[PDB]
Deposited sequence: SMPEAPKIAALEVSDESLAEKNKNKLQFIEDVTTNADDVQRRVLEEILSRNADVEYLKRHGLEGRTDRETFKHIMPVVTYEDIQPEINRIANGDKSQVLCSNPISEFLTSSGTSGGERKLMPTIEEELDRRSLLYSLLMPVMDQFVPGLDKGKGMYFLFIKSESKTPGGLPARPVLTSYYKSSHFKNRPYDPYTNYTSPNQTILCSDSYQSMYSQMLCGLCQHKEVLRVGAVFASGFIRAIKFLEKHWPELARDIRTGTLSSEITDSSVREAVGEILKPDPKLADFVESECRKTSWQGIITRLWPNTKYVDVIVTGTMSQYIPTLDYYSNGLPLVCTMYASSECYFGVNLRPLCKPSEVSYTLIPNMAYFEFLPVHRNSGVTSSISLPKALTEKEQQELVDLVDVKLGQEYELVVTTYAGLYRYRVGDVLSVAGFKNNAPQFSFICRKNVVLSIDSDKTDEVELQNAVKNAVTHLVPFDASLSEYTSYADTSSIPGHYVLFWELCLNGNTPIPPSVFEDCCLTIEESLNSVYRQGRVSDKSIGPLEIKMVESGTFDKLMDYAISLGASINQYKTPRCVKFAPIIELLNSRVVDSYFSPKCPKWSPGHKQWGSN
């Protein structure tokens, strides 16, 4: 079995070599299967494909679509149309993207067979890693994994995030014993409907088995950071449970009590140890004191999660940060072939079996923007670029055809070719296009921010005052982070504006933001209350003065809706007068509002 572990790792690696070497043959083979299997579906037939399966006809005939283009089809399916609308296979469920249309979560169709390709990509992760850090099979992994809120569409189909349906699927719930997926969190502890009990029991099991832990993490840095904050707010009770060997009576779930009972045993010496480390004024490096055998931290810190690297580096004492894979609700994408690289060097290799990948060349106005446009010498020729044909150093937007009824759908991700593994390109992740604010899974764009602020400023009309200018940033100085707005008012009124109405503005912004933002505030507690900081009169003029000094024409300058440049955020913060916070949670409820 030690041997058949090595054999298995050698095979998964040889698969990487074969699929990256044969990537176009695979991409052609995948497409040919999707259009063969789905030739009589309504969507393809309606576009005149006539059951043709060749890449050349497919690119020439099918339109490149956004989610809003195909919403009719998706909504009919989510209303119970069980005909072969987009897929020849029944849509098993809908996977709810964190990206939104109309403030509501986008509904990505999937089919049951897609669970295999997802496990396939997961199955690549430890074989790759074991190359660089051997011996992880002799240990456990402390990962805080969580199910999230879940819904039913009008037609009856489930609607839930990928990981929720993955964690509940047979592929995970009854998974075969893998010594590389030997976690300190028991299943029933992850599958717990109650998120507090789920976090409480996972932390207890992590501390209980603290010396077996060779890696820690969560899916996102934000989530793992919230678990450290939890240990900070709950270590006396947890130590007490370890000491007495009994689980807090507040843990109701009998699944969990049973599960925790297998691990938890009275350990006064371990309680003393937890306490002595948590009691220290500094938590710098506490991860490697509590879990001293930890070899790395397994959290995504690419994309907007990059803001969390310093807080991570503080708690881990500069342990390596490891970003293993890249994926979405519509499709699992690729693998990091160099897991021990610096976060700003991470490249993802798309596995050509997951879907048929296409690439639309894009051009950004700077390296800092999440805003797109189309090159001059490049939306009439939607004869895009194929996987093997992307060029080193160029940026593209990601396009995907999936087994489950997406044809040439724009994911909305911007990638940059950083290199190649054999013939398969490796992408550095740039951004999800138009996102300007993000703490956890929430992804707010400028349009949403703008319309939220337009709603908010109506509370000022009674007082004969207005918003001259504003900007925002994502404040991660606290756990959880929050959105900050900088407001400069114009006051032409003789009733002073009571503080309650600035709070009314914070709430009104929050209520206008999408349902992922609101679910974060209401359910996930992944986002703290919005803040509005009022700045001295003249502040945005002083900004514009910088811009002009540096080359800008006045009749063209526009105050950015969002800023992430630390020195400019620091300047704005220097001219703050007061700050106001949302006084309660916005409204959120599971599902689309129509339901």
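Gaps between the deposited sequence and the modelled structure occur at positions 1-13, 392-393, 611-613.
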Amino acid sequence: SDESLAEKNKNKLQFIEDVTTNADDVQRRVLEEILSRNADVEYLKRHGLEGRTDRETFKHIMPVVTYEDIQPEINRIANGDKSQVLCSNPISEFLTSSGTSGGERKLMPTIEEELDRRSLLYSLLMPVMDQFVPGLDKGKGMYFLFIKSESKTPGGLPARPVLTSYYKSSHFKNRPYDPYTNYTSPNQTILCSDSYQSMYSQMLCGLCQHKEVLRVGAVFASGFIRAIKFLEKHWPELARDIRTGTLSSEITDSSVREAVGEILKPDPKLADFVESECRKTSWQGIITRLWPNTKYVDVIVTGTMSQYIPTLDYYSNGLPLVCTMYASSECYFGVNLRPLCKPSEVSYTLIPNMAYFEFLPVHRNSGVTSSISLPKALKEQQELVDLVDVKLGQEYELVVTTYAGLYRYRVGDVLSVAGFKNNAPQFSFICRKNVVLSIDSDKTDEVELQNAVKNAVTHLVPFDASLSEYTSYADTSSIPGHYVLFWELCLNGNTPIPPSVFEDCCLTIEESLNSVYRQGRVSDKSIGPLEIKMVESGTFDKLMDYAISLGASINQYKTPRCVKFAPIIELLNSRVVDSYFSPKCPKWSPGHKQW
From here on, numbers count along this sequence of modelled residues.
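Looking at mean Cα B-factors across 560-568 and 34-42, the upper value is held by 34-42. The PDB entry records a higher mean C-alpha B factor for 168-176 than for its counterpart among 168-176 and 504-512. The residue among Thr349, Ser193, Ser416, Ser276 whose C-alpha carries the highest B-factor in the deposited model is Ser193. In the deposited coordinates, the residue among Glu446, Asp313, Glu250, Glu113 with the greatest CA B-factor is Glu250. Compared with the other modelled residues of the chain, the Cα B-factor recorded for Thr401 ranks in the lowest third. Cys205: CA B factor in the middle third of modelled residues in this chain (values from the PDB entry).
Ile548 sits in the middle third of its chain by CA B factor, as recorded in the PDB entry.
For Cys585, the recorded CA B-factor ranks within the middle third of the chain. Only modelled residues enter the ranking. The deposited CA B-factor of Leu437 belongs to the lowest third of values across its chain.
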